[PDB]
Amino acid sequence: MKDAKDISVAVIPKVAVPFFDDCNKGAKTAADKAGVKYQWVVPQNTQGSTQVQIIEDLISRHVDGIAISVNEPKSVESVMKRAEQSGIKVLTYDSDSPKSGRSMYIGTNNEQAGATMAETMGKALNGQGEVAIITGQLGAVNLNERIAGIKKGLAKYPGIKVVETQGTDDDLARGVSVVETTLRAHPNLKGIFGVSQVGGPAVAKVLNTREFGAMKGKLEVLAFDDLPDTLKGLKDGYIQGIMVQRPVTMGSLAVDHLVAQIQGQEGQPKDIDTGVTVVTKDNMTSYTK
C-alpha cells in the first residue's frame, strides 16, 4: 500500500478545450484531498498518436494511475494494455475506449442523453420540422452515441426529418461556417442540435448577426455543456435548452477511483453514470456538475 505522497496520478483530457477545465478542477480537488501527486497532461490535437505518446511517458515514469478521455478509441487500445501489464491502473472518463482493458468508465450515458434531446425537440416542435445535428470530431464515441440517440429517438416522430449531420472538430470558426451553410440551405429549418460544446456558441454567434438575426425565435436550439457562451445564448434566447454533464464530478471520481485501485481496495470496478441535467432559462443557476 503506497504512502499517499508517493502516489502519482495523471489525468488526460481530449485536448486543452473549455469543457475539460472542470474535469481538471474536480480531479485536482480530489487529488489534494487525497494527498497524492497529480498531473494534468494535455494533448495538442485530437488525433490519437498524440495520446499514445503521453501514456508511454507515464509508463516510463512508473506513475501509478492514468485517467483519460479518449478522442478515438481504437488508437489507444494497445498502449493502455501495456500500462496495465506494468501495474498502472487505468480508467476512462467522459469518452470511453471499451476495448483498452480499462478498469471502468466514468461519464455520461451518451446515447441516453441523445434520446432525451430527441424527446425534448419532438415535444417542442409538436412532432413537425426539419432539423440539423452539429457535432465535433467525427471519431468521438461519446459524440457519435449522442447522435445515434437523437436519430433513434426522432424515429418516433414521422413529421420530423434530419436534413443535415455535420462535424466541426469543435473549431468555433468551423462551427460558424457550418451553421451559416445550414441556415442558408434550409430556410424552413425548425431545429438544431449541438451535441458537442461548440454547437451552442456557434449557433448563438451566427444568430446574432445581421444576415441571420430574423431567425431568432424561429428555431428550437438544443446544445451541450454549459460554457459561458452557451449560458449567454440561453440567457439571450438564442438557445432554448442545454444538456449539462457532470465534468467536475467525473474528474473527482476519476482520481478517487484511481487512488482506490492503486491502494488495492476497489473491489471489482464498475462503470459510473454521472448523469446529465436538462437546463433551460428557468433552472440555469441551480444545476451542478
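In this text, residue numbers run from 1 along the sequence as written.
*Asks:* I need to verify one thing: averaged over C-alpha atoms only, is the B-factor higher for 20 to 28 or for 265 to 273?
*Replies:* Result: 265 to 273.
*Asks:* When the C-alpha temperature factors are averaged for each of 99 to 107 and 118 to 126, which stretch ends up with the higher value in the entry?
*Replies:* Comparing averages over the C-alpha atoms only gives 99 to 107.
*Asks:* Between 249, 69, 230, 49, which one tops the list for Cα B-factor in this entry?
*Replies:* By C-alpha B-factor in the record, 49 ranks first.
*Asks:* Could you say which of 151, 210, 184, 82 has its CA atom at the highest B factor, as listed in the PDB entry?
*Replies:* Going by the entry's C-alpha B-factors, 82 comes out highest.
*Asks:* Divide the modelled residues of the chain into thirds by Cα B-factor and specify which third, lowest, middle or highest, holds residue 87.
*Replies:* CA B-factor rank for residue 87: highest third.
*Asks:* Considering every modelled residue of the chain and its Cα B-factor in the PDB entry, is residue 166 in the lowest, middle or highest third?
*Replies:* For residue 166, whose C-alpha B-factor we compare with every modelled residue in the chain, the answer is the lowest third.
*Asks:* Lowest, middle or highest third of the chain for the C-alpha temperature factor of residue 144?
*Replies:* Tercile = lowest for this residue's CA B-factor.
*Asks:* Using the B-factor values recorded in the entry, state whether the Cα atom of residue 173 falls in the lowest, middle or highest third among the modelled residues of its chain.
*Replies:* Its C-alpha B-factor belongs to the highest third of this chain's values.
*Asks:* When the modelled residues of the chain are sorted by Cα temperature factor, does residue 42 land in the lowest, middle or highest third?
*Replies:* For residue 42, whose C-alpha B-factor we compare with every modelled residue in the chain, the answer is the highest third.
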